[PDB]
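First comes one chain, alone, set out as structure tokens in the form solved without the ligand.
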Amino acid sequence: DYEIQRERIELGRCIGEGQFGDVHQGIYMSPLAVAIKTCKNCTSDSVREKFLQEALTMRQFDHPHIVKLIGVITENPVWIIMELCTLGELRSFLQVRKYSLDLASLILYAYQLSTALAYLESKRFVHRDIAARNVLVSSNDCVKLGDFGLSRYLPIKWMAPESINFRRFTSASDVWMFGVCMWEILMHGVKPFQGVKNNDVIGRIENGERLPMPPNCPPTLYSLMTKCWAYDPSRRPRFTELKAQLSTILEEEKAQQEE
């Protein structure tokens, strides 16, 4: 049973705004730090059903680098109780720690995300919304994919060409996005294609242009990014291959950092 008695939740401060309402952090007293998605207008049942469907989606998954559903509260106000990633949003985390976070750590986050994404592919689940904005930090040695409902955006600057042109969404278009997500992490939480109109993004990609090597990014890691950005989706690596390749790059950097 995933139904939670409300008296066991103490609601804390607001940590962001969802499609349905504010998200709070708080504490769960079970017989635990949590996030609480709330729902402004769940007095209506059409809204309520959509909201609560987002819980069932997260219930399907069990991975150390995807946020866990703890439970739900299904009378008004209707809440979904999720695992809290204490340290918050990745982009902010990365910006604030731009000059204090080692490269091995940045690569670690890439690797961890790739294990979750390889896991989702093996569940035959296409995500569509892989971006640093949708990653969260549990601690400084652990990132996780955020809530999938909260992740829902068109994010042209992240999307694969075939997604843009023909609305093709496959694990291979997810790979393209993850490449952009990796670029973002190594760029310390800078968005891709800033100062570029969404429309010119497509033409540039067609012209052969890709996002540039982030400063201090290992060329091996950047190369791996550019393979995610093969125009032909069949020619991109599988998430399981990125996982293996990211492990070797992680271990190489750890050895360079003498650890």
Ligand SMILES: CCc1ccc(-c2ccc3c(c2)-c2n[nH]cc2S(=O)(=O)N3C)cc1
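One rule holds for the numbers: they count along the sequence shown, beginning at 1. In this text, rigid core is short for the largest set of C-alphas that superpose within 1.5 Å between two forms.
Per the records, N140 is modelled in every other compared entry, just as the shown structure includes it, so no third of them leave it out. Compared with other deposited structures of the same protein, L150 meets the criterion of being unmodelled in at least one third of those that resolve residues on both sides. In terms of unmodelled positions of the deposited sequence, the stretch from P31 to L32 in this entry skips 4 to 9 residues.
Deposited sequence between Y153 and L154: 10 or more residues lack coordinates. Just going by the entry, 33-41 versus 219-227 on mean CA temperature factor gives the higher value to 33-41. In the PDB entry, a CA B factor belonging to the middle third of its chain's modelled residues is recorded for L90. Ranked by C-alpha B-factor against the other modelled residues of its chain, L101 falls in the highest third. Sort the chain's modelled residues by C-alpha temperature factor and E83 lands in the middle third, per the entry. The PDB entry assigns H63 a C-alpha temperature factor belonging to the middle third of its chain's modelled residues. Placement of the Cα temperature factor of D232 within the chain: middle third of the modelled residues, per the deposited record.
One more form of this protein, solved in complex with the ligand, exists but is not displayed; see below.
Three or more atoms of the ligand lie within 2.4 Å of backbone or C-beta atoms here once its pose in the deposited complex is superimposed on the site C-alphas of this chain, so the site counts as blocked. If you check the ligand in the deposited complex, you find a heavy atom from every one of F125, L145 and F239 within 4.5 Å. In the deposited complex, the ligand lies within 4.5 Å of some heavy atom of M58.
Using a 4.5 angstroms limit between non-hydrogen atoms, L186 is distant from the ligand in the deposited complex.
Of the heavy atoms in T74, none are within 4.5 Å of the ligand in the deposited complex. At the 4.5 Å threshold, heavy atoms of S105 stay clear of the ligand in the deposited complex, well away from it. Along 111-137, a non-hydrogen atom within 4.5 Å of the ligand in the deposited complex is carried by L117, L120, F125, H127, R133, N134, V135, in order along the sequence. A 2 Å or larger CA shift between this form and the one not shown, after fitting on the rigid core, occurs at just one of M159, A131, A110, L90, namely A131. Relative to what is shown, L69 and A132 are closer in the deposited complex; their C-alpha atoms differ in spacing by at least 3 Å. In the deposited complex, the Cα atoms of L246 and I130 sit 3 Å or more farther from each other than they do here.
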